[PDB]
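Novice: Residue numbers (the UniProt record's numbering), protein chains in the order written: chain A, 24 to 343, 350 to 519; chain B, 24 to 343, 350 to 519; chain C, 24 to 343, 350 to 519. Virtual Cβ for every residue (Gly too), placed ideally from N, Cα, C. Pasting in a structure now, in structure tokens, and then I'll have a few things to ask.
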Ligand SMILES: *[C@@H]1O[C@H](CO)[C@@H](O[C@@H]2O[C@H](CO)[C@@H](O[C@H]3O[C@H](CO)[C@@H](O)[C@H](O)[C@@H]3O)[C@H](O)[C@H]2NC(C)=O)[C@H](O)[C@H]1NC(C)=O
Ligand SMILES: *[C@@H]1O[C@H](CO)[C@@H](O[C@@H]2O[C@H](CO)[C@@H](O[C@H]3O[C@H](CO)[C@@H](O)[C@H](O)[C@@H]3O)[C@H](O)[C@H]2NC(C)=O)[C@H](O)[C@H]1NC(C)=O
Ligand SMILES: *[C@@H]1O[C@H](CO)[C@@H](O[C@@H]2O[C@H](CO)[C@@H](O[C@H]3O[C@H](CO)[C@@H](O)[C@H](O)[C@@H]3O)[C@H](O)[C@H]2NC(C)=O)[C@H](O)[C@H]1NC(C)=O
Ligand SMILES: *[C@@H]1O[C@H](CO)[C@@H](O[C@@H]2O[C@H](CO)[C@@H](O)[C@H](O)[C@H]2NC(C)=O)[C@H](O)[C@H]1NC(C)=O
Ligand SMILES: *[C@@H]1O[C@H](CO)[C@@H](O[C@@H]2O[C@H](CO)[C@@H](O)[C@H](O)[C@H]2NC(C)=O)[C@H](O)[C@H]1NC(C)=O
Ligand SMILES: *[C@@H]1O[C@H](CO)[C@@H](O[C@@H]2O[C@H](CO)[C@@H](O)[C@H](O)[C@H]2NC(C)=O)[C@H](O)[C@H]1NC(C)=O
Ligand SMILES: *[C@@H]1O[C@H](CO)[C@@H](O)[C@H](O)[C@H]1NC(C)=O
Ligand SMILES: *[C@@H]1O[C@H](CO)[C@@H](O)[C@H](O)[C@H]1NC(C)=O
Ligand SMILES: *[C@@H]1O[C@H](CO)[C@@H](O)[C@H](O)[C@H]1NC(C)=O
Ligand SMILES: *[C@@H]1O[C@H](CO)[C@@H](O)[C@H](O)[C@H]1NC(C)=O
Ligand SMILES: *[C@@H]1O[C@H](CO)[C@@H](O)[C@H](O)[C@H]1NC(C)=O
Ligand SMILES: *[C@@H]1O[C@H](CO)[C@@H](O)[C@H](O)[C@H]1NC(C)=O
Ligand SMILES: *[C@@H]1O[C@H](CO)[C@@H](O)[C@H](O)[C@H]1NC(C)=O
Ligand SMILES: *[C@@H]1O[C@H](CO)[C@@H](O)[C@H](O)[C@H]1NC(C)=O
Ligand SMILES: *[C@@H]1O[C@H](CO)[C@@H](O)[C@H](O)[C@H]1NC(C)=O
Ligand SMILES: *[C@@H]1O[C@H](CO)[C@@H](O)[C@H](O)[C@H]1NC(C)=O
Ligand SMILES: *[C@@H]1O[C@H](CO)[C@@H](O)[C@H](O)[C@H]1NC(C)=O
Ligand SMILES: *[C@@H]1O[C@H](CO)[C@@H](O)[C@H](O)[C@H]1NC(C)=O
Ligand SMILES: *[C@@H]1O[C@H](CO)[C@@H](O)[C@H](O)[C@H]1NC(C)=O
Ligand SMILES: *[C@@H]1O[C@H](CO)[C@@H](O)[C@H](O)[C@H]1NC(C)=O
Ligand SMILES: *[C@@H]1O[C@H](CO)[C@@H](O)[C@H](O)[C@H]1NC(C)=O
Ligand SMILES: *[C@@H]1O[C@H](CO)[C@@H](O)[C@H](O)[C@H]1NC(C)=O
Ligand SMILES: *[C@@H]1O[C@H](CO)[C@@H](O)[C@H](O)[C@H]1NC(C)=O
Ligand SMILES: *[C@@H]1O[C@H](CO)[C@@H](O)[C@H](O)[C@H]1NC(C)=O
């Protein structure tokens with residue numbers, strides 16, 4: 024007796040987790056948290072973004088006014104969702120640069136349409152087809168006007184529509200390509216000639232081309248769709264002698280945050296900021312491996328399926350007399366991260382050190398706050414999956430996205446390694462600081478035993494040990510006793 | 024008496040600045056410097072890049088030779104500046120793929136034009152229009168030759184121009200689209216037919232299309248502009264029966280560092296390496312938030328409006350007997366960053382430690398030198414602002430630039446946090462090293478009081494203290510005295 | 024006598040290497056390794072990727088079936104290598120969107136072709152030209168069928184080919200543009216009319232255009248090449264009255280990892296994973312400055328020509350009595366990185382410390398293992414060099430690649446600086462840890478002399494010194510002797 028022991032230590036847990044640092048590929052820590060979101064519910068939540076489920080209609084079918092899409096008239100969206108089951112059920116058509124028209128309508132986010140009174144003096148309006156039935160009757164695209172001859176005449180059309188509004192107008196129109204010369208004459212009363220649609224700033228001339236194409240819904244003819252945007256103070260001029268599928272008015276074109284996504288995920292009554300084709304995903308984590316296609320406030324796509332961020336210190340087994354932190358953790362330390370164990374006249378005890386514990390916890394929570402719940406919003410982007418082979422432009426779209434993903438995946442990998450190294454360093458540092466402060470209090474009254482413990486060379490009862498732990502130990506009170514015990518001749 | 028005190032310390036300032044590190048969102052340091060350039064003068068400096076102010080002319084108007092652009096003939100530039108007020112004042116035209124022709128001329132950086140003698144036997148040359156007045160007379164684009172019938176004949180043209188030069192030739196030509204069939208006959212004496220312009224490696228066939236477009240400067244006709252590059256040893260062949268707006272020669276096409284920028288900033292007589300649409304900006308800082316559009320040696324565009332780099336240590340208030354660096358800075362320390370305070374027989378004093386101060390300053394200046402004045406040059410890039418809706422290609426251009434900016438903004442954020450953490454570490458380290466070296470000199474003659482000070486257990490006058498500070502203190506001289514004082518029984 | 028000295032130290036080498044850290048632009052370390060691959064052998068190794076050397080043929084010439092390319096029929100590749108000497112030797116042709124057709128065939132990786140029996144009732148098949156000789160006879164592209172009139176009739180063709188297969192079909196076809204009206208009549212017996220090639224999902228109409236182009240291999244006519252992909256359950260329909268260069272069947276179109284590269288490097292019998300235009304390169308290093316164009320498992324392209332990664336500690340000259354690590358390295362320490370030197374009754378000695386040496390070496394090898402031999406594979410990408418001026422799309426392709434390279438170059442620069450700082454820190458740390466452990470063993474029996482050495486205040490013979498070095502020194506055995514020597518009055 025006449026001496027006491029005081030050990031400094033830190034906790035350890037039975038169920039640690041492996042993380043990666045700069046120093047170590049694999050190091051066990053007491054706790055970690057996942058930074059890559061890897062699952063979705065599988066449903067797209069209908070809140071807080073305005074979702075429009077296309078059901079059997081593509082956006083372009085909804086635009087033109089396919090009868091099955093009549094329910095979509097004038098609707099708006101943040102996200103238009105196109106289904107793989109979607110199919111057209113009207114006159115067969117193509118759109119040169121379909122992808123662009125789809126994109127610009129998607130981004131505009133509205134199907135608002137304003138009817139206008141075009142002067143079609145001299146032709147028959149409202150042509151119909153058995154290939155486009157509406158309520159069991161022969162019909163046509165709602166937003167288009169199939170003009171045909173009147174009394175076997177089709178006068179040369181030269182029709183104007185000024186934009187006297189403060190906003191832009193989007194006009195959608197078409198050219199009919201009849202399957203045969205018989206159809207050409209039956210419909211327009213004369214041989215086919217070019218169609219020219221112009222403004223002060225633009226001109227588009229299109230040549231109708233007679234001929235059979237493979238029948239689609241029993242139709243060998245085609246309609247080719249074109250568009251023209253007309254600015255305030257400009258004028259639409261339409262010049263034709265036949266084959267014109269005419270506009271009935273204009274679409275409003277807006278700018279904002281709207282987009283389109285291909286998905287078969289069901290739409291749920293729930294609330295989630297981040298939408299992917301697989302369904303909505305939580306956006307607490309900074310990264311995700313669910314889908315490169317996203318809409319809203321979303322984690323960034325990375326290639327990794329897991330990245331673990333340390334949220335506690337190195338986890339060190341307890342060695343099997351009391352002993353301190355040197356190659357030794359304390360599994361019995363459960364009310365703190367760092368603490369003291371002592372042996373004195375009155376027994377062997379343990380107490381947590383609150384200051385050091387809280388300093389480590391605060392710093393860890395600091396970095397969690399920078400990384401958790403901090404995702405940023407993206408809206409209309411580029412397409413990232415393709416159903417047809419196209420070459421150059423598609424090669425570029427793919428390479429852009431590959432490039433981006435690899436750079437983010439590298440950033441994620443480095444960030445987590447750096448953060449984890451910093452966490453191991455800051456938690457190791459709190460242990461070292463606690464030891465050093467204790468060493469300083471004890472002055473000449475103790476010696477360092479090399480194992481994270483001090484040999485205190487005087488009687489140091491429970492109150493004395495408490496004084497060291499609360500930082501009120503007065504070394505002068507004990508120095509005489511201690512020096513005599515230390516520097517005695519044995 | 025019979026003892027002295029020696030404290031180690033570091034400076035502190037009354038007006039510190041907040042920075043971000045890896046450890047802390049907000050930590051006050053003694054000084055910092057801004058790494059994001061956020062202002063411009065508002066003028067584009069005319070030095071050291073060769074600036075060409077388009078004034079009322081676009082590059083394309085200057086190319087074709089609109090009369091108001093006659094002053095631009097044969098000029099070169101590093102940067103062509105196009106003004107929002109620019110307007111065309113000649114025959115109305117369009118350019119299929121205007122953006123590409125604009126880009127390739129801009130990048131070439133020259134309007135040098137070499138006249139050639141084309142053999143236009145059988146037609147009238149030099150047609151003019153009241154829509155394109157030059158010096159009050161009817162005229163036309165300077166670089167183009169409006170051919171019309173001769174004696175009411177327009178023979179089929181089949182005209183050749185070999186490239187026997189060592190460099191490439193850029194040919195600009197056009198097709199006239201008359202407003203009516205009357206104009207077609209009045210000008211070319213016959214019905215319109217295709218124009219074919221070919222080389223050994225290329226062919227472009229264009230169909231003139233008669234019809235009224237909305238009048239522009241009272242003209243319902245149009246000219247569509249095309250271009251053809253002809254290689255050394257190749258040959259231009261022009262084949263037409265009318266409607267040909269012919270070239271008068273070729274433009275030199277160069278390769279180099281030239282570009283074009285849309286800006287309304289006035290041009291100043293001043294010198295600045297980095298140009299943005301907002302005006303020139305200083306390029307000392309590594310980052311900038313003025314404009315994503317830049318030309319020359321420019322900071323990189325980031326989203327942040329400020330990033331502060333620490334250029335001094337943690338700023339710690341002085342606690343209100351002398352005391353050392355432990356939770357305590359020295360506001361009275363003004364001739365150094367680190368130093369010594371002492372109490373002895375002769376009073377209380379302070380002296381700066383030059384070595385430690387200079388070590389910290391040098392390292393900080395080291396990192397300033399890597400980051401300040403080190404910008405790199407970019408020249409012709411992609412467009413980043415768009416006046417029309419286009420869909421797919423524009424979506425890709427935008428996404429490429431968004432992607433780039435977010436990656437750089439992340440790099441900037443991480444770099445500054447890392448550098449700041451390193452600065453806090455290196456400045457803390459110089460303090461700790463100074464304490465340790467002093468501790469080592471004193472040997473058994475002093476004890477650490479826990480507050481950044483030593484209790485020296487012998488009389489230590491001003492010269493003795495100086496000896497410790499200059500590193501020449503001989504502990505053996507004082508050991509006997511010191512040991513007696515330390516290990517006395519009180 | 025009655026004392027001993029024990030110094031802790033670390034090795035130093037006569038031939039150190041300069042590296043960059045976060046702290047220092049230039050710091051000498053004992054060893055480093057290069058992370059940028061800067062040379063190639065200059066040959067493309069024929070293993071392990073399937074190489075197809077185009078020799079005198081482009082891919083497109085091999086596709087169409089130019090006679091000099093007959094050897095390529097039905098071949099597959101991972102990498103098709105196109106030579107700058109390649110030239111066409113058949114009928115002159117162009118391909119609108121040549122780059123896309125080249126890319127999609129390259130990416131598909133196969134020239135497998137399946138003949139089909141088209142019903143060409145009413146025309147002459149197998150037209151030939153003296154411009155396309157095969158085995159000295161007039162011939163034509165192997166995969167194309169030049170149809171001409173039969174008995175001075177050319178009936179309107181309306182020919183079908185269903186896809187009843189489970190895979191897609193790629194059809195290549197053409198339109199002949201005769202030099203004169205005489206040739207048109209001689210070949211097709213009538214005036215030229217449009218050609219329409221259609222499916223259920225697509226239509227392409229092309230207008231043959233009569234006229235002389237500059238003679239190529241004495242031919243003023245041209246063939247323009249087009250392609251059509253036909254899906255399972257779809258049907259190809261060809262509709263023409265002349266000028267049709269017909270398909271003889273279809274190409275298989277596959278998806279996989281194939282690509283094309285322009286290179287003049289000879290092909291060698293050797294094995295290398297990474298191919299560049301300059302030749303194959305080793306892929307041990309994480310970065311390379313040989314070529315931005317790569318195929319296979321390749322280091323990432325960066326702008327730097329060298330980045331040195333530290334693989335040893337700071338290299339410190341030996342100062343010219351034994352001395353420890355403080356501003357002092359040990360050039361005579363050759364069997365370890367860290368160790369002990371001593372002076373005692375029995376002489377002066379040196380021994381390496383294995384634990385500390387191995388801890389540093391292991392960590393360094395750890396980071397080498399993460400960076401060396403870990404390259405990732407890329408296959409078909411975008412083009413990165415261009416022989417013609419094109420404007421907008423090329424500007425984007427270039428900017429995408431510039432952007433990527435600058436971001437990777439920054440990542441490389443930062444990574445190496447960070448790693449090197451960490452290596453200096455971990456090697457410095459092993460030295461400091463060894464000193465501290467020794468200090469702890471010695472307890473009150475030694476004093477720190479400030480130069481990396483302890484003065485041990487008792488007789489400490491070779492076995493005693495060994496006990497300290499193996500960590501079995503019992504301080505209690507010597508304490509009485511040591512305390513008497515330390516705290517004597519001199
Ligand atoms: C050019 O060739 C085409 C393909 O051979 C051909 O299309 C085919 O036309 C037939 C005849 O009408 C269609 O067959 C239909 O026959 C009866 C007619 O009463 C219908 O009741 C059936 O529904 C049956 O389908 C084919 O469907 C059609 N084939 C394709 C692939 O579309 C064109 O008619 C030809 N064009 C010309 C101008 O001759
Ligand atoms: C097809 O329709 C066009 C638009 O309605 C029409 O253009 C318009 O033509 C008129 C008549 O020339 C122009 O009006 C001008 O009238 C007198 C004529 O002496 C002039 O002095 C005035 O300057 C006045 O502007 C319109 O300017 C013009 N409108 C537009 C929008 O360009 C075409 O003429 C029609 N084309 C055909 C072939 O009939
Ligand atoms: C339109 O102009 C073209 C260029 O002037 C012209 O092409 C040239 O045609 C001549 C005549 O055939 C070729 O010259 C050849 O002359 C003899 C004919 O026996 C040959 O043996 C020689 O090989 C010699 O080359 C030129 O080669 C050719 N020039 C070019 C650049 O192709 C067209 O013929 C003209 N077209 C029309 C319809 O008149
Ligand atoms: C554009 O409209 C004008 C009429 O304003 C058309 O010109 C007329 O065409 C008819 C029949 O082709 C001719 O008989 C008339 O002589 C023309 N009138 C005038 C005033 O020139 C013109 O054809 C239309 N263009 C197109 C491509 O359909
Ligand atoms: C290209 O030039 C040739 C003349 O070298 C044109 O061919 C002549 O065209 C006229 C009028 O159309 C005919 O009467 C002659 O018989 C043609 N001459 C020959 C030698 O064929 C040809 O039309 C021009 N092509 C174009 C598109 O304008
Ligand atoms: C596509 O094929 C059809 C035949 O199936 C062509 O139509 C015939 O064309 C000839 C000559 O031009 C006419 O005499 C016949 O009256 C047409 N037959 C029918 C049934 O209409 C048609 O011309 C072809 N199209 C093209 C562009 O070549
Ligand atoms: C582990 O870390 C996370 C994030 O700080 C925390 O929410 C969780 O409660 C911790 N788990 C344990 C067992 O401490
Ligand atoms: C979509 O089409 C399918 C199959 O034709 C049909 O059964 C279903 O009811 C349609 N859904 C809607 C909303 O019209
Ligand atoms: C409609 O067009 C014709 C031109 O053919 C014109 O004469 C008529 O007045 C127009 N009707 C209007 C403007 O109501
Ligand atoms: C065309 O149809 C619409 C109803 O869809 C009708 O309001 C309009 O009067 C019709 N016009 C003519 C000329 O039949
Ligand atoms: C998301 O869907 C894609 C296909 O679009 C699939 O590759 C991926 O595995 C999905 N991820 C899930 C369901 O977690
Ligand atoms: C603080 O110190 C007192 C005596 O100074 C000691 O008895 C006690 O254990 C310490 N802690 C608390 C919470 O009172
Ligand atoms: C703060 O730091 C900058 C950059 O080193 C320096 O130029 C400036 O003089 C410093 N300011 C003060 C008050 O020390
Ligand atoms: C540009 O045009 C404006 C308005 O027409 C004119 O006042 C001004 O003088 C022009 N500037 C030049 C340099 O021609
Ligand atoms: C110009 O062109 C005609 C072809 O119509 C030719 O006959 C004449 O010789 C040419 N003049 C020259 C080459 O000076
Ligand atoms: C055409 O105009 C230019 C002056 O701009 C003149 O040099 C040339 O001789 C003219 N040619 C003819 C045929 O009038
Ligand atoms: C630079 O100009 C852009 C518009 O081009 C503007 O958004 C930005 O605020 C400007 N920055 C300045 C003047 O600092
Ligand atoms: C250096 O040491 C001397 C005595 O050794 C002392 O008097 C003095 O204060 C110190 N500094 C200078 C600059 O002389
Ligand atoms: C230097 O480092 C490399 C990589 O660890 C190693 O292979 C090489 O043997 C080392 N060279 C020396 C002289 O130690
Ligand atoms: C390629 O062409 C050259 C020059 O015409 C010829 O000498 C060589 O033999 C050709 N090579 C092959 C493989 O045909
Ligand atoms: C080939 O084409 C003709 C159409 O002109 C057809 O009548 C004939 O039967 C066809 N031959 C076949 C299918 O063998
Ligand atoms: C066309 O040529 C091929 C050989 O290349 C032959 O098999 C086929 O019978 C020929 N057909 C005709 C109609 O001459
Ligand atoms: C690789 O080839 C390119 C040209 O394609 C050249 O710029 C570069 O110097 C080459 N690098 C070598 C041979 O190391
Ligand atoms: C280990 O210690 C023994 C005595 O304890 C000493 O003699 C020896 O030098 C040390 N090393 C080895 C390898 O025996």
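Decide if residue 190 of chain C is buried, meaning its Cβ has at least 16 other Cβ atoms within 10 Å, or exposed.
Specialist: For the purposes of this step, residue 190 of chain C is identified with residue 167 of the third chain, where counting begins at 1. Classification of residue 190 of chain C: exposed, given that the 10 Å Cβ count is below 16.
Novice: Can you give the Cα-Cα distance for residue 466 of chain A and residue 394 of chain B, rounded to whole angstroms?
Specialist: Taking the first chain and counting its residues from 1, the one referred to as residue 466 of chain A is at position 437. Taking the second chain and counting its residues from 1, the one referred to as residue 394 of chain B is at position 365. Whole-angstrom Cα-Cα distance: 34 Å.
Novice: Is the Cβ-Cβ distance between residue 75 of chain C and residue 103 of chain C less than 8 Å?
Specialist: For the purposes of this step, residue 75 of chain C is identified with residue 52 of the third chain, where counting begins at 1. For the purposes of this step, residue 103 of chain C is identified with residue 80 of the third chain, where counting begins at 1. Against a cut-off of 8 Å, the Cβ pair of residue 103 of chain C and residue 75 of chain C comes out as a contact.
Novice: Comparing the CB of residue 262 of chain B with every heavy atom of ligand 15, is any distance shorter than 7 Å?
Specialist: On the second chain, position 239 is the one that residue 262 of chain B refers to. Taking non-hydrogen atoms of ligand 15 into account, the C-beta of residue 262 of chain B is found less than 7 Å away from none of them.
Novice: In the structure shown, what three-state DSSP assignment does residue 371 of chain A receive?
Specialist: Taking the first chain and counting its residues from 1, one reaches residue 371 of chain A at position 342. Reduced to three states, the DSSP call for residue 371 of chain A is strand.
Novice: Is any beta-carbon of chain B found at less than 8 Å from that of residue 494 of chain C?
Specialist: Within the third chain, the letter at position 465 stands for residue 494 of chain C. Residue 494 of chain C does not count as touching chain B.
Novice: Would you mind telling me which residues of chain A sit closer than 7 Å to residue 133 of chain C, beta carbon to beta carbon, in chain order?
Specialist: For the purposes of this step, residue 133 of chain C is taken as residue 110 along the third chain, with counting starting at 1. Under the 7 Å cutoff, chain A gives no residues; its nearest Cβ is about 14 Å from residue 133 of chain C.
Novice: Are the stretch 292 to 301 of chain C and the stretch 59 to 71 of chain C touching, with three or more C-beta to C-beta distances below 8 Å?
Specialist: yes
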